[PDB]
């Protein structure tokens, strides 16, 4: 309404980057039609992830950089977003760093 860094990527773009690993029960051919938008949240290290899967708006949720670091420290390779999307923790950290923390 008033007249602001973000990331807007399809699942297919995130696959190509190695950030997305799989989406359970979704054929690869549909990855172009899954869209992620990531913006900085309302706390340090917090990012708000919005998504639209095949035209359907998903419930916003919150990624915390410190949680990703804890996964990485624990040797966990992947984290699940929206129940069925698996993302590579190392490459998500790298994308968040490159696009936001720099």
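Residue numbers count along the first chain shown, from 1.
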Between neighbours residue 4 and residue 3, residues that the deposited sequence lists but the model omits: 4 to 9
Mean temperature factor over C-alpha atoms, higher-scoring stretch between 77-85 and 10-18: 77-85
Assigned third (lowest, middle, highest) for the C-alpha B factor of residue 48: middle
Chain-relative CA temperature factor third for residue 42: highest
Record-listed C-alpha B factor of residue 36: chain third: middle
Record-listed C-alpha B factor of residue 66: chain third: lowest
